[PDB]
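[1] here goes the first bit of my complex:
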Amino acid sequence: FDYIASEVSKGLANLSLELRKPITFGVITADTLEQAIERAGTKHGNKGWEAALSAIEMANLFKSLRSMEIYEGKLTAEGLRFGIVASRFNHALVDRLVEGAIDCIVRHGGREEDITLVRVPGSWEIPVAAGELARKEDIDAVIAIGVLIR
Amino acid sequence: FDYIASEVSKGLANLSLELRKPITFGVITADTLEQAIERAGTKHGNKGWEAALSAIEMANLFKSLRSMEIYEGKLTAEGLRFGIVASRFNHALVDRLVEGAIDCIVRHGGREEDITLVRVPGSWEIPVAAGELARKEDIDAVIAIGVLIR
Amino acid sequence: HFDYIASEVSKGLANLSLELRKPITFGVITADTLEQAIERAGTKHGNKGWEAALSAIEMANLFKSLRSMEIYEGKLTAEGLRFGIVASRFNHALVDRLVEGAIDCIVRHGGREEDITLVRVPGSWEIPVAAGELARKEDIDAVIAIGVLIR
Amino acid sequence: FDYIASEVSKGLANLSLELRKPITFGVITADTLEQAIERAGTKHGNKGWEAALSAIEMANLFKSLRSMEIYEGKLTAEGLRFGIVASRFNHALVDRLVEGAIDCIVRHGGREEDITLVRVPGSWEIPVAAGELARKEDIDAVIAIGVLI
Amino acid sequence: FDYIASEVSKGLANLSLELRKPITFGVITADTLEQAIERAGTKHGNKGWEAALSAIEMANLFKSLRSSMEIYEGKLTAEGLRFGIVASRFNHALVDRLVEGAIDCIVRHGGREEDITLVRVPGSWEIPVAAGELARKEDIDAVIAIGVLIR
Amino acid sequence: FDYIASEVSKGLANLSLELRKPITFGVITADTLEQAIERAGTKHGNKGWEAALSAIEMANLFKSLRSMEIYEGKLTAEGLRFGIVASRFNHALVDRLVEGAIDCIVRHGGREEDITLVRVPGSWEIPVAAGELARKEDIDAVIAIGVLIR
């Protein structure tokens, strides 16, 4: 449970730096399933909801980036395209996180036609699968959603 | 304390219903300054930030109102004008809430050019000032920011 | 501020009903513990949404027929009437239960889901101000307010 | 838990002040069942009887008003018009209260032809229902009858 | 209290299956008059109100019965339906309340008082035989039996 | 008791503000009989006497209103037309308070020809009864006399 968590963290960071595209680390790491529930305990501040919010800000920031000069990202998600990769194990909480992230995009102006969802068997395969979506020229940001119970 | 809080709450409610304009009650009431510090710094976001978010949703919902039909408020505030009333007493926390409210409105797309801010000396004078801002035609939402310490 | 909100909600809805001259049912569950809200949302015989919708149908028919001796009362045939439901978002797990119960009662009494307008609000404070617009719309015959207040 | 009781009391009082028309508050408030049963008895008469008597007295006072001048109303209700609004909850006692109220109006010279009765299912809907009869120009007095357990 | 209650329940059930027509068992069986008062006092409506509601639902269900899977349910719109009611006479203090509740339920649910037939019997022993005649009438869509059984 | 007292207080206050006419709140709110007896049987301390005196000062204030300027009401009751409403329930103390109020006005120069008395069956209908007396242009002040036993 330690190898997988370390590897996915390293892979996501390396992909983001190499490909120059925002990747959000929406991965739940909990030792107990109860704590994993509390990370998405019926609150609107779900892990997927917060990750989607950060992804929208990062994408808008890179659109402009690519007194003094101040750069920051808006939350206007309209006209943007996002990719989402979700793990399969323990899908009871995974589905909740996916719904929250999709809700955040739609509520802030995103369209479901520009949202691509990919499902993977295990969290170990998240980085390799997300690499394809990140390398796609028609993707502005990538959100990785998973759960790791120890 | 209790009487003042009751007066401002009923005053804002009466103004909202009569004037037909969304008004958010971003007034934090606490018996101890320690509780006020908790409700002002880094707990689940600034209360002014939360109140600004609620005001944005209500403003868009009213704009829309102007199977089964479902009505909901979009969180994008492009072209929506807002008015903020802030107390002066305990400006250490009041300025914190004003920072959160302005940050929410600006980062959600609303330009700061259309934001009007009015300062009042005490919490007792919030309803009367909001009575003028709400009666202005070019105001789409009113946010009241105040602190009540017992 | 549970007490302040509950008092404000009751006062606002009552004043709206008198001023706007249109029935507004108060389907709000006020509880201090989550268990009491679960008890009312468990549909042991019927949830408050079912009961509030039932009362609203009679009120709409009564005003339809009103607007020895004379006795005025409303029937429970909900066909041909349109309803406006305002649902809070806080504790939406129980709110969805109440909304489903109210819709079920209206549908079973001859109503159609096409003639039901649903409005979502973020907080209980925004229930009165949002409900006012639906009541002012002349095509709406009744207003149902559904919400939960936990202390 | 008395939010409904507070709302109906405030609504009725404000209606009377706004429209300048007498409204009688014949509502029994009791958290226990037996006290409501006692108030529906005949030891002091039914509350509907007392409410109807108050409406008659107040209506005559309004008609007369609109050494020291003294204004008071008689208990004769010939030729007047009354609007009675009653709830259905706990109708086992509400029916007797309504019967007593109508009995008082009829036996005090009033005619049932002018008695207009409005039926509501919940006590929350008493003020809004009264908003119609009270706004009618041909209603001399409004009576509100309800039970709150 | 024992034999009479068993016979009336068995007789109504046998008539319902034989004639294939809904028959509601609105019979209050109590060992003490206080229990009768509990079922006579308003508990979300009197037993007659519930019995009439059940009769309406069953009648519409039979009317329908005579995408993924066919689901049939009964609506509460009693328009154009004819009902027959049989009631006992003993303990008429509560019996009149029950029959008034049942009549009020049918009327307020869109039904017309013209299409309601009422038959009175001296004791509960004569309920099944009268119910059989009303059920065998072709112009009857449902039968409601109202009675009280005090031990 | 609680509902009746709150409604009477709010009703008289709203009528006074709306009609801009002085109205005195001479209502005894006691939980026990002895307390009301003390307040309606004080040695030269009748509440009706005190309420009438207050009405005299208010009327003299409004007649004038309608270094620095100072406005005050003189305690002379001459030339004032009063209106009095008296509850019928618990008439034992109501009559005492009415007599005390009449004594105060007459001993200050009031004429019984200028006092109009109206009786109300219950304390609930005091506000509506006083609402008509205050609406006559020839009435200078309104005095409400009532008793509330808990």
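    Nice, thanks for sending it over. Residues are numbered from 1 along each chain as shown, chains lettered A, B, ... in the order given.
[2] helix, strand, or coil at the residue located most distally from the centre of chain A?
    Distance from the C-alpha centroid of chain A peaks at residue A:67, with 34.9 Å (Cα atoms, centre = their mean). Here residue A:67 is coil, with the state taken from DSSP: H, G, I helix; E, B strand; the rest coil.
[3] residues contacting whatever residue of chain A ends up closest to chain C?
    Chain C sits closest to residue A:42 of chain A, with a gap of 6.6 Å, by Cβ to the nearest Cβ. Where you see a C-beta, it was placed from the backbone N, CA and C, and this is true even at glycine. When contacts are counted by Cβ atoms under 8 Å, 6 or more residues apart in numbering or on different chains, residue A:42 touches residue C:93.
[4] how about it, secondary structure?
    Quick answer, by three-state DSSP: residue A:42 is coil.
[5] where's it relative to residue D:1, distance?
    To residue D:1, residue A:42 is 27 Å away according to Cβ to Cβ, to the nearest Å.
[6] what of residue A:129?
    56 Å.
[7] pretty sure residue A:84 is touching residue A:101, no?
    Yes - taking Cβ atoms under 8 Å as the definition, residue A:84 is a contact partner of residue A:101 at 6.4 Å.
[8] to the structure above, add chain G:
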Amino acid sequence: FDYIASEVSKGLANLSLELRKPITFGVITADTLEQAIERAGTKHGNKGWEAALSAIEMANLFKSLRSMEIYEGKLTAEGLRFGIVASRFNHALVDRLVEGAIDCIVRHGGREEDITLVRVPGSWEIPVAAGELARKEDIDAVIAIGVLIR
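    Same chains as before, plus chain G:
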């Protein structure tokens, strides 16, 4: 509870004998709610699951029935049509019971389009509704599902 349970059981038995069609008695009789929870807590298939299995076997038996010869029914659900009467009372447990019956029929190869489901208000109305379901020609087996709380 005694009269209801006895009459329901007797009526269903008489209907089965008269109409010559399989009717299974999936009515759970309990004094308290604990017996209902344990018998519906997906132990190895609820009462509805078992009743559906019994109905399928009986339907297969009558398909062919209606040295020595031995007749028995297999556990195939293809080509068989079922009607289910479900009580509305305590629908929180009724849904689990009816779902178990549906799962047994579907997983035995049965198709959902042959299942006709009807809801009844009370347990007393179960026999009369079951009579119409069995009397229809296109119905092969009848399942009665109800909960009796004492």
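[9] rewinding a little: how near is the residue farthest from the centre of chain A to chain G?
    Distance of residue A:67 to chain G, given as Cβ to the nearest Cβ, to the nearest Å: 64 Å.
[10] for that residue, give me its contacts.
    Contacts of residue A:67 (Cβ under 8 Å, 6+ apart): none.
[11] cool, residue A:54 as well?
    Counting by Cβ under 8 Å, 6+ apart, the residues that residue A:54 touches are residue A:24.
[12] could you redo the last one with a cut-off of 10 Å?
    A:22, A:24-26, A:73, A:104, A:141, A:143 (Cβ atoms under 10 Å, 6 or more residues apart in numbering or on different chains).
[13] I'd like those residues written out as TSV, with neighbour count added.
    Below are the contacts of residue A:54 laid out as TSV (neighbours: other Cβ atoms under 10 Å in any protein chain shown):
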residue	neighbour count
A:22	22
A:24	26
A:25	17
A:26	26
A:73	19
A:104	25
A:141	25
A:143	30
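[14] burial of the residue in chain A that chain G sits nearest to, as a residue count?
    Among the residues of chain A, residue A:92 lies closest to chain G, at 16.6 Å counting by Cβ to the nearest Cβ. Using other Cβ atoms under 10 Å in any protein chain shown, residue A:92 has 10 other residues around it.
[15] with the structure above as the base, add chain H:
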Amino acid sequence: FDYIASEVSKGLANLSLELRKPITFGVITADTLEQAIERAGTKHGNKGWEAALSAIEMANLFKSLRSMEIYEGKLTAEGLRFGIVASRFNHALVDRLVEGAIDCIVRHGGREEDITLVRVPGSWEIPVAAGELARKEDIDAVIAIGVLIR
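    Putting chain H onto the chains we already have gives this:
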């Protein structure tokens, strides 16, 4: 002592919202006379002094009201006209508060020729009396001064 305090608070708030004119709530509510003294314990921060300061700011704010837009009131009280209503009961502290409020106006530039003082018998009559001054077109702000001992 509770009815009077609630009624005067409601009356002042309603008058301010209805008439659109600043009204300052300089009313002392203390359970003990010692605490009432401490609210004006020889300090320059008296209740009347603070109320006058708030009144000056509110009046200047409304004069202008009737990057972004920021509105706030100055303390320049010159050329303004104020009305003061003071209760009579317990005048030992009332006179101190009145002197403090007058001192604040004069010290910040106000003139005694534009200050109108009205004295009322009891605190219950403060709202009705203040309504006249508030409705006067030659009054910019109204200050209500009173003491309530419980």
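[16] chain H added, so what about the contacts of residue A:42 now?
    A:96, C:91-93.
[17] can you pull the phi and psi angles for it?
    As for residue A:42, its main-chain torsions (degrees, to the nearest 10) stand at phi 60, psi 0.
[18] what does residue A:68 give?
    According to degrees, to the nearest 10, residue A:68 has phi -140, psi 180.
[19] number of residues surrounding it?
    Neighbour tally, residue A:68, other Cβ under 10 Å: 3.
[20] relative to chain D, how far out is it?
    56 Å.
[21] thinking residue A:75 is in contact with residue B:74, fair?
    No - assessed by Cβ atoms under 10 Å, residue A:75 is found out of contact with residue B:74, at 11.5 Å.
[22] who touches both of these two?
    With Cβ under 10 Å, 6+ apart, residue A:75 and residue B:74 have common neighbours A:108-109, B:108.
[23] enumerate every residue touching residue A:82.
    A:22, A:24, A:52, A:55-56, A:59, A:101-102, A:105, A:110-111, A:114-117, A:133, A:139-143.
[24] is residue A:16 in contact with residue A:55, as I believe?
    No - here residue A:16 lies out of contact with residue A:55, judged by Cβ under 10 Å, at a distance of 11.7 Å.
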